[PDB]
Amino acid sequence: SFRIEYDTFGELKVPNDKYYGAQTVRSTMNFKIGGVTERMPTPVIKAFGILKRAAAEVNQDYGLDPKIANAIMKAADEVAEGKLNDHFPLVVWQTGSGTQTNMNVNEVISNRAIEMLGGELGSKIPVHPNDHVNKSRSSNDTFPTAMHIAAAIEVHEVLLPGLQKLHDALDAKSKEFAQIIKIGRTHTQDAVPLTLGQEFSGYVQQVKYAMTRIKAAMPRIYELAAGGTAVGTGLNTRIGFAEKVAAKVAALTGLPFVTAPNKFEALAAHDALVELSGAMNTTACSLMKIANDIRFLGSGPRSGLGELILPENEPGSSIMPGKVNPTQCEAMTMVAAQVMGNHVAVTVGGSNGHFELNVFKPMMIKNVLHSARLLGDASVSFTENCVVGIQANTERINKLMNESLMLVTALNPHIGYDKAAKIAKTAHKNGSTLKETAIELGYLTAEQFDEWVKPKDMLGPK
């Protein structure tokens, strides 16, 4: 069931059905921290597949045999496509440079490429893990490169598409609710009116600004450390490799990847991950506000606010109609709280670089990818399972509109401030409506009230 390999610490049995080698096995034994929920995120593994596929191509310009290079390229493609996920057992909580995952990727790609060429698994023949798969002689620049490839792909494929669906759904609701006038709330107190569409337009602007903030953090993420090698000097790599491998990654992904103008800044720190995490942290604040507002606007049905009727996803009780738990709102606000904590973890790691190398890399990219996946997935779920199905309780909204004390300022240019203040003061102490009190005081007639108190005329400046 196993083959037998050796490192400088002793004998190791590697399962025959695994493409990793003795380096990966030893790493798994030395870092038993967290369990399988702590394995290196799949986007990082796939990004390594893209990077090795790109380097193998470029390395043909530097002596790499085309028959070996093509075998590496096909094996790297299988990694980048998620076909070999079960051959990467390492946890995030490894070395701070992530080079143990780099050696995991080198072992898997060479062994798979060896098998494609009919060789013996574990022999390093004819595809060597270091001499061929890592022909670039890259070391501490590999994992930084895979971090930015994975972050850029996850932002383009998961985060922004999810937020775009949320933006469009909120915008459709805003237009659908454009003519429903409701009582505003400031300090949670009754305030002058606005429409549900105006309130939802604020949500739309927040999501629009969130997508702009995330895009503004991407230019630095597109800068790749590949070519810096050990300390950023580029020692042991070939001239032109840094630019060529970045341009190849750009062509493989369709994203505007470039080489980092300063490789020492690219290895010694990961401020671009901190800035991207900061944009997602701002997005979390926007989504917390939006989801909590809709949570409260749908509260009820009779002892809450009751403005919105949210779609029911979980089965209720036949004895409890009208009760709809805002469960998509709860999942979204929990995600937002998680992103804020993830950002602090990213911040602590990003601040603790030492000299030529920041060695908090796996934890930083884990929290960045975690935040991006959660925000993208929750935005999709929030959209499809709640936002698109939100209905307005227009009957309740219009009833509370006529019973509110907030429309009384519409009578000031008819009966003066103090007569209007006395109608509101009396109606408050009496539990009566504004119209009922304005007539019982003999200040105006009903036909005058309906002519002067028009809420559609209180939605903008004059």
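Position 1 is the first residue in the sequence shown; the rest follow in order.
- As recorded in the PDB entry, 133-141 is the stretch of 331-339 and 133-141 with the greater mean C-alpha temperature factor.
- Between 153-161 and 118-126, the higher mean Cα B-factor belongs to 118-126.
- Highest C-alpha temperature factor among 422, 39, 46, 32 per the entry: 422.
- Per the PDB entry, 321 shows the highest C-alpha temperature factor of the residues 202, 321, 349, 227.
- Ranked against the other modelled residues of its chain, the C-alpha B-factor of residue 96 as given in the entry falls in the lowest third.
- Residue-level temperature factors show residue 223 in the lowest third of its chain, judged at the C-alpha atom.
- Ranked against the other modelled residues of its chain, the C-alpha B-factor of residue 238 as given in the entry falls in the highest third.
- Sorting the modelled residues of the chain by their CA temperature factor places residue 326 in the middle third.
- When the modelled residues of the chain are ordered by their C-alpha B factor, residue 295 lands in the lowest third.
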